[PDB]
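So here's one chain in two forms, each on its own in C-alpha cells, numbered structure 1 and structure 2.
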Structure 1
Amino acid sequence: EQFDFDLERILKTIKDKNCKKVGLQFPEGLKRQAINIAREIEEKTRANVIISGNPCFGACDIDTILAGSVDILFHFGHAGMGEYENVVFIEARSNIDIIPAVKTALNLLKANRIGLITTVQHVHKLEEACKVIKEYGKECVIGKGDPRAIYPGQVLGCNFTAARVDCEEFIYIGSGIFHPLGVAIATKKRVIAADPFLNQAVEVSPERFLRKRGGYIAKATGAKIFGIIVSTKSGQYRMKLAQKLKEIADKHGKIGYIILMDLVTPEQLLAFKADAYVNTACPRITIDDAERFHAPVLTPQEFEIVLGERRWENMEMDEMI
C-alpha cells in the first residue's frame, strides 16, 4: 500500500558525493512519485535531475543511456542486478503485514517441511513468517538466492533458485498467479499462494496451465518460419542463445530470423508475419502478455520441442541465470 524510499539517504548521498547531475529510474507503479522526488532533490541539493521516461520492468531493465549521462542513477523498486559503475539501487520495500495471510495458508499445508518464497518488496518479512510456521509445529526453510535474485526467499518471473531447497511444499507470499505458478512448475511441488492484501490463500495447481499450453504450442508444430526475439535491455539480452536457436531451426529444416528490439510488444511483432515466435527476452512475456499475440510465442525449450530437437514434455520455466 505504501513503499519506503530512502529519501533522506538519497539527499545525503547527493550532497556527500557533490553530485551535479542525478538520474532517476522508476518501475511503472512508482513513476507517480518521480516529480515529487525530483522536486526534493532540486530544492534541497544543488544537483539537477533527469527522470527516465521509458517503461522499466525490473533490475533487468537499467536505463544505461541515462546512467552514462549522469553522476549517479538511482533505480527504485527493485533489488540490484548486475554490477554498474554509478547505479544505486533503492529497495522500496513494502510495509504491508504478511503474517495474517501466512496464518490463513496454514490450514492448506499437508507436508511438514515448508518453504517460503516472495518477491523483493516482502523479503525482509520472511524471517518472522518462518518463526510463525515453526511455532505451528512445521519445519520452515527460506532458500538462498543466486547472483540474479540476491535475497533469500526471493523469486522473479525468470528465476526460481530460491525455491530449489530441501522442502516438500511452498507458501508463496504476494499477489498474482504467475509467480506461484512458476514455482509449482519449476519444483513439481505443491504451492499455496497467500495474498497479503486480500488475506486469502489458494492452492495454485499447474496441470491446467501446462495442459492447455501444451495443446496450443502444437499449433507451432506446423510453423515453417520463426521470428527469434532478442531484447537489448540490460538484463534480458540473450543473443548467443538466439543464434543457437537459429542454427537448430536450420538443422531441422526450418528457418528462424533474429529480431532485435528494446520493448517486445504485439504491435511490433504483428508486422513481421512470421508463423510463430520464440522469445529470448523477458520470459514472463511468453506466458502472460502472449495470450493476445496473434501467433504463438514459445519459450526456447518449447521451440526445441516443436523442432524435434528435444522430446516432448510439459513446459519448463524459462529461467535467466
Structure 2
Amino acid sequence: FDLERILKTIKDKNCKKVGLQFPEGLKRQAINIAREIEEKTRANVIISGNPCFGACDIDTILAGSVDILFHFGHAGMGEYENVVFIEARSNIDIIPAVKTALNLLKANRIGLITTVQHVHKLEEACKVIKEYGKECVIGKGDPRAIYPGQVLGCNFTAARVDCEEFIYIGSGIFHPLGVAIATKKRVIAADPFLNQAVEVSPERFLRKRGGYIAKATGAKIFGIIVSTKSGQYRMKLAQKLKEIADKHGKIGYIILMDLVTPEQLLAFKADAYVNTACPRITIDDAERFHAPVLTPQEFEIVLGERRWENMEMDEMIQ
C-alpha cells in the first residue's frame, strides 16, 4: 500500500500523534509501518492492539486521542472525522478466473461483485465480459466506499441491480452464498487464487440454518447479544427482539459486549442466542457455540413473527 501518501499527509499537516489500526492479517506489518512514520516524519505513532475485523470495527478511543487514525485494509464504512482508510489491494490477475466463469453463464445480463481487494480491477473484468458479447452491470453499494460492486458479509446492496446472474470475484463461499439468497439469482464464484469458477448453491446453507431454527424451537430463555463495535451496534433492534420475545411467552436478556466469542457466551447459560452483531459470527462460528445462535430474522421465525419463506440474509442496518 501507498505509504508515501501517508507520510506526505502527516508531514503536510504536522501531526503530533498518529494512530494505526490493522486487521488481524496485517498486524505483522504494524511495527515496520510505525517505524517508517516515526523515522520519516516527526509524529509519535500509537498502534491499536485490539482485534479488528473490518471497517465496522473502528478503534474510536484511539481515534479520539490522536490527530489522524490510519485504518488499514478496508474500504471506508460510515463517516469519521479523523479516520483515513488505506485500501490495501491485491495484485492477483482476475481475468483468467473471469474467462473461466464465462463458460458457465446461462444468461446475457451479468452482474459483477467482489471484495475490496479486487474492486479496482472490476472495470477490466466488465470489459472482458462485454467483448464476450454479454451485458455487464456493476451496482453501487455503500456510498461511503469509493468503489462500486463491493460486497460485505453484512451488505449486499452492490448486488441489487438489474441483471440476471452474478459473477462473484474472490475466494471463500460466504459472499456469493449471501448474494444468491438475497437476490434469488444464480451466482458463479470465480476464485482468482485458484483460476477456477463454480456455481454456488445455497440449498445446503439453507438446510443447515433451518436445523438451527428447529434446534431452538424448545428454547425458553434467549440471550440477545449486542456489540459496542462502531459499525456492529444494534441495541434498538435488540430491544425490539426482547419485546417480541416477551410477546410470545419467552424471555430475552440483552448482553452488551465488545468481542462476541463462544467463551463469553458460555459464561451466560441460556437455551439459545440471538446475535445482533456481525452477521458472519452467526454463520462462520456456528459450530463453535454450545447452543444455537440465531440471526434476528431466524429468531422471528422461531417465535412465529416471520414465516420460513421470508427468511432474508442478516444485513447490518444500525
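Structure 1's sequence is the ruler for residue numbers, which start at 1. Basically, rigid core = biggest C-alpha set you can superpose within 1.5 Å across the two forms.
- A 2 Å or larger CA shift between structure 1 and structure 2, after fitting on the rigid core, occurs at just one of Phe89, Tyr237, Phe160, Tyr151, namely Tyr151.
- Once the rigid core is matched between structure 1 and structure 2, the CA atom of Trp312 is found 2.3 Å away.
- Taking the rigid core as reference, the CA displacement of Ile185 between structure 1 and structure 2 comes to 0.6 Å.
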